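An overview of the molecular structure
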Amino acid sequence: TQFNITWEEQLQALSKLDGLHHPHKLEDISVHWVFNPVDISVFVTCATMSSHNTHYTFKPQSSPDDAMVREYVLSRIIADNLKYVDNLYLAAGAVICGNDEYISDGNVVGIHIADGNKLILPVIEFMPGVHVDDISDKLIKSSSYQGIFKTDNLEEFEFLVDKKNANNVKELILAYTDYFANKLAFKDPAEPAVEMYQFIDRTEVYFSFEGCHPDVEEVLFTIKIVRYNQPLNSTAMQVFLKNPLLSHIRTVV
Amino acid sequence: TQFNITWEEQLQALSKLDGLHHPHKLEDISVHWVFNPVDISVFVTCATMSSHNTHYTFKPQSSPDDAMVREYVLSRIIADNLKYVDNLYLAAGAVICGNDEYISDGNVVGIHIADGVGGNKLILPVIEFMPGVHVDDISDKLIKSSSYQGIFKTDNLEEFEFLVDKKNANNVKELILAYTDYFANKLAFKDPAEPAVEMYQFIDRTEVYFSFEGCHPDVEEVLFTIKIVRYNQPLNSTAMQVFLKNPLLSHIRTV
Ligand SMILES: NC(=[NH2+])NCCC[C@H](N)C(=O)O
Ligand SMILES: [K+]
Ligand SMILES: [K+]
């Protein structure tokens with residue numbers, strides 16, 4: 001470890017978040033980092049005893065040191081535990097429990113399509129520590145075009161996730177929007193970013209948020225919602241979902 | 001601890017295999033094991049520096065000890081490296097290169113589905129290599145979960161045309177033959193072991209298991225099974241062929 005982040009340091013940072021009482025398991029983190037002069041980026045590896053090593057890459061705005069990397073890793077841990085804030089956790093739980101076909105990882109909500117282990121089409125992905133502006137270039141390149149998305153409108157969410165889930169999903173976005181605006185407020189209020197991209201086969205909507213936390217420069221969080229072009233309600237979807245091959249798709253590590 | 005298997009012991013055992021020249025990377029193994037008296041089984045854990053951990057479960061035929069577990073783990077390593085025997089590796093390559101839709105990943109030859117997460121590949125299996133496994137040890141589970149059993153004849157190419165259609169039938173038949181000849185001629189017992197062929201019919205697929213038992217100087221037995229799956233409709237069929245190109249498949253993920 002170039003340096004260590006104790007679990008107590010993490011818990012003290014997480015304790016400044018409103019409504020957080022059941023964070024993820026926190027262990028001492030051994031942090032390694034290397035600076036790359038060619039592309040001006042820092043590669044960070046975090047190792048704990050229980051979980052497997054996570055890695056990050058960020059672009060430094062001044063010469064890298066341990067203090068900057070420590071602050072960056074904290075911002076990722078803070079963002080990672082927003083999902084466990086009471087009202088945010090409850091808002092996601094209402095989405096998942098409101099649909100027997102929805103099953104959750106913890107970071108991905110997907111439509112259950114087959115049993116293996118389970119097979120899913122992702123529709124909601126939680127992306128802590130990510131903002132859409134940092135990936136918009138590849139999104140513009142790989143998508144057909146960018147569309148518009150009305151932020152607070154129930155009919156938009158009926159389109160995205162159907163009437164069965166529209167209000168729950170809309171409340172999930174609103175819960176994150178309110179939490180960042182009221183509980184992670186900057187002196188100069190940050191506005192949420194909403195960006196919609198159309199692909200050959202799907203619509204993707206990104207909801208990105210910037211939050212103020214005492215111990216870091218910025219807390220980033222993005223929620224991605226996917227709508228596949230064929231309506232999940234009927235037609236080709238029923239032909240596709242009943243094909244028995246799906247229950248024999250194998251995952252090779 | 002509880003005992004180690006150095007890479008030299010592994011390489012010495014592997015060097016007795018005819019036609020093996022490019023084995024898998026070999027490292028020292030740290031082996032842990034524990035006996036379970038309720039179901040009379042031994043659970044084994046094997047750890048290396050580069051690609052740990054592997055796990056096994058077997059049923060001991062006498063009171064377990066290190067020497068038995070060491071022999072068992074060696075038999076799994078030997079079976080694992082049969083895939084790299086020249087004529088067996090070549091016979092597998094002929095199946096793989098004989099179909100642009102066939103891809104190989106790990107012990108599975110099949111149809112690519114999705115690229116998943118962090119190096120994972122979602123694949124529809126067609127041929128599965130199963131080193132260290134014999135069908136007689138899973139047949140009870142297979143009989144209960146299947147509709148019925150059939151009789152499969154390895155002499156007949158048309159039955160391989162049923163399994164993997166005509167584009168792959170002869171390459172696949174030669175793959176089975178290569179393993180059949182290798183075990184009979186290169187891993188022979190004094191009392192010859194006959195290969196096991198068992199076909200199982202499910203509602204949605206047919207699975208044919210080709211199992212083999214091999215004699216090796218350092219272990220009681222070498223086991224190897226090849227599983228071939230035919231699904232409800234053949235691969236080159238039209239109504240299927242449009243299914244593997246549905247764009248949804250690339251977005252599939254596993255929990
Ligand atoms: N059912 C069995 N696997 N019996 C042991 C067979 C041993 C050896 N393969 C032989 O035939 O001589
Ligand atoms: K559910
Ligand atoms: K191929």
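Residues numbered from 1 in each chain as written, not as in the entry; some residues may be left out. Chains lettered and ligands numbered in written order. Heavy atoms only, no water. Residues with missing side-chain atoms left out of burial classes, pairs and counts.

This entry lists X-ray crystallography as its structure determination method and reports a resolution of 2.200 Å.

**Details of the overall build of chain B**
Put simply, the rule is: Per the convention used, a helix needs a DSSP run of H or I reaching at least four residues, while a strand needs a run of E reaching at least two, with both numbered from the N terminus. When we talk radius of gyration, it's over C-alpha atoms, and the globule rule is simply 2.2 Å times the number of residues to the 0.38. Only heavy atoms enter the contact rule, under which two residues are in contact if any of them lie within 4.5 Å.
Summing up its helical and strand segments, chain B has six helices and twelve strands in all. Taking 255 residues into account, the globule formula puts the C-alpha radius of gyration at 18 Å, and chain B, at 19 Å, falls close to it. Here the C-alpha coordinates of chain B stretch approximately 55 × 45 × 40 Å along the principal axes. Once local pairs closer than 6 in sequence are excluded, the contacts in chain B between residues at least 24 apart make up 57%.

**Description of the pattern of salt bridges**
Threshold: Salt bridge, as used here: a side-chain nitrogen of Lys or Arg that lies within 4 Å of a carboxyl oxygen of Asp or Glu. Here's how the labels work: a residue is buried when its accessible area is under 20% of the maximum for its type, exposed when over 50%, partly exposed in between, all with a 1.4 Å probe on protein chains only.
This model, assessed by the stated rule, comprises 16 salt bridges over all chains. Across the pair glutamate 125 of chain A and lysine 224 of chain A runs a salt bridge, and its minimum N-O distance is 3.5 Å. Note that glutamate 125 of chain A is positioned in strand 7 (residues 118–128) and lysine 224 of chain A in strand 11 (residues 216–228), a separation of 99 residues in sequence. Residue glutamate 125 of chain A is classed as partly exposed on the basis of its relative accessible area of 26%. One salt bridge connects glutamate 128 of chain B with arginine 250 of chain A, and the closest N-O pair in it is separated by 3.2 Å. Here the residue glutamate 128 of chain B occupies a position in strand 7 (residues 121–131), and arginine 250 of chain A occupies one in strand 12 (residues 250–252), the pair thus bridging two chains.

**Topic: the coordination of the potassium ion (ligand 3)**
Heads up, the condition is: Note on donors: an N, O or S atom is included if it sits within 2.8 Å of the metal, or within 3.2 Å for Na, K and Ca, and water is never included, so sites can look incomplete.
Protein coordination at the potassium ion (ligand 3) comes from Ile96 of chain B (O), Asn99 of chain B (O) and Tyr102 of chain B (O), with a distance range of 2.7 to 2.8 Å. Overall, the relative accessible area of 6% leaves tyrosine 102 of chain B in the buried class.

**Observations concerning the coordination of the potassium ion (ligand 2)**
Coordination sphere of the potassium ion (ligand 2), protein contribution only: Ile96 of chain A (O), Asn99 of chain A (O) and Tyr102 of chain A (O), at 2.7 Å. What makes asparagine 99 of chain A buried here is its relative accessible area of 8%.

**Focus: the sheet that holds strand 1 (residues 3–5) of chain B**
Residues and elements named next belong to chain B. What counts is decided by this rule: In short, DSSP must find at least two bridges between two strands for them to pair. Axis lines are fitted to C-alpha atoms, over the contacting stretch for helices. Their N-to-C directions set the angle, which ranges from 0 to 180 degrees.
Taken in spatial order, the four strands make up an open sheet running 1-2-3-4, and their pairing is antiparallel. Only two strands of the sheet have a single partner each, and these edge strands are strand 1 and strand 4 (54–58). Sheet twist, expressed as the average angle between the axes of neighbouring strands with direction ignored, equals 30 degrees. Where strand 1 meets strand 2 (residues 29–36), three bridges bridge the pair, whose relative direction is antiparallel. Counted as the bridge partner of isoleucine 5 is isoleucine 29 from strand 2.

**Some details on the site of ligand 1**
Residue and element names in this part refer to chain B. What counts, and what does not: One heavy atom suffices: a residue is near a molecule or strand as soon as one of its heavy atoms comes within 4 Å of it. Polar contact is the term for a pair of N or O atoms within 3.5 Å; when the atoms are in protein, one must be able to donate a hydrogen and the other to accept it, and sequence-neighboring residues count only if both atoms are side-chain atoms. In this classification, the charged set is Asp, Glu, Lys and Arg, the nonpolar set is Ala, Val, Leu, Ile, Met, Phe, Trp, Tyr, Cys and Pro, and all remaining amino acids, among them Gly, are polar.
Lining the immediate environment of ligand 1, one finds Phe189, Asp191, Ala193 and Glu213. Within the backbone of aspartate 191, an N or O atom sits 3.0 Å from an oxygen atom of ligand 1. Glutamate 213 has a polar side-chain atom sitting 2.5 Å from a nitrogen atom of ligand 1. Along the lines of polarity and charge, the residues of the shell around ligand 1 split into two nonpolar, no polar and two charged.

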